[PDB]
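Okay, final-v9.txt now, which holds compact mmCIF, N, CA, C and O atoms:
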```
# COMPACT_ATOMS: atom_id res chain seq x y z
N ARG T 1 227.87 -163.61 50.80
CA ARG T 1 227.40 -162.34 51.42
C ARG T 1 228.28 -161.96 52.62
O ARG T 1 228.50 -160.80 52.89
N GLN T 2 228.77 -162.93 53.33
CA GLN T 2 229.62 -162.64 54.51
C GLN T 2 230.65 -163.74 54.73
O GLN T 2 231.84 -163.49 54.74
N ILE T 3 230.20 -164.95 54.93
CA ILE T 3 231.15 -166.07 55.17
C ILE T 3 232.37 -165.91 54.28
O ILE T 3 233.50 -166.01 54.72
N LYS T 4 232.16 -165.63 53.02
CA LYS T 4 233.31 -165.42 52.12
C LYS T 4 233.95 -164.09 52.47
O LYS T 4 235.15 -163.96 52.50
N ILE T 5 233.15 -163.12 52.77
CA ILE T 5 233.70 -161.80 53.16
C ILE T 5 234.68 -161.99 54.29
O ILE T 5 235.64 -161.27 54.45
N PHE T 6 234.46 -163.02 55.07
CA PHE T 6 235.41 -163.31 56.18
C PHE T 6 236.66 -163.94 55.57
O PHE T 6 237.77 -163.72 56.03
N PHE T 7 236.49 -164.68 54.51
CA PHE T 7 237.65 -165.30 53.81
C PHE T 7 238.12 -164.35 52.71
O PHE T 7 239.28 -164.01 52.64
N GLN T 8 237.22 -163.91 51.86
CA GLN T 8 237.59 -162.95 50.78
C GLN T 8 238.50 -161.87 51.37
O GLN T 8 239.42 -161.41 50.75
N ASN T 9 238.27 -161.53 52.61
CA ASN T 9 239.13 -160.53 53.30
C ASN T 9 240.57 -161.04 53.32
O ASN T 9 241.50 -160.34 53.68
N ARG T 10 240.76 -162.28 52.94
CA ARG T 10 242.12 -162.88 52.93
C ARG T 10 242.39 -163.57 51.58
O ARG T 10 243.43 -164.17 51.38
N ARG T 11 241.45 -163.50 50.67
CA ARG T 11 241.62 -164.16 49.35
C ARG T 11 241.69 -163.09 48.29
O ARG T 11 242.61 -163.03 47.50
N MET T 12 240.73 -162.22 48.30
CA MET T 12 240.74 -161.12 47.30
C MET T 12 241.61 -159.98 47.81
O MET T 12 242.33 -159.35 47.07
N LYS T 13 241.58 -159.75 49.10
CA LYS T 13 242.46 -158.70 49.67
C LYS T 13 243.89 -159.22 49.63
O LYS T 13 244.85 -158.50 49.79
N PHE T 14 244.01 -160.50 49.40
CA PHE T 14 245.34 -161.16 49.32
C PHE T 14 245.96 -160.84 47.96
O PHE T 14 247.15 -161.01 47.75
N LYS T 15 245.16 -160.37 47.04
CA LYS T 15 245.69 -160.03 45.69
C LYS T 15 245.04 -158.74 45.20
O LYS T 15 245.20 -158.34 44.07
N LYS T 16 244.29 -158.10 46.05
CA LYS T 16 243.60 -156.85 45.67
C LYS T 16 244.60 -155.83 45.10
O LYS T 16 244.15 -154.80 44.63
```
Structure encoded using structure tokens:
Amino acid sequence: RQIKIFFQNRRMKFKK
């Protein structure tokens, strides 16, 4: 919900 959103912001946005 967020903790990943803090990482996803660098994992999925890393390949978005």
Inset, instruction - Go ahead and compute the interatomic distance for atom O of residue 13 of chain T and atom N of residue 1 of chain T, in Å to one decimal. - result: 17.8 Å
Inset, instruction - Pick out each residue of chain T that DSSP on the backbone tags as alpha helix (DSSP H); I need them as a PyMOL selection string. - result: chain T and resi 3-11
Set up a box along x, y and z of the file covering all listed atoms of segment 11-14 of chain T, add 3 Å on every one of the six sides, and write the centre and edge lengths in Å to one decimal, as JSON.
```
{"center_x": 243.9, "center_y": -161.3, "center_z": 48.9, "size_x": 12.4, "size_y": 11.7, "size_z": 9.6}
```
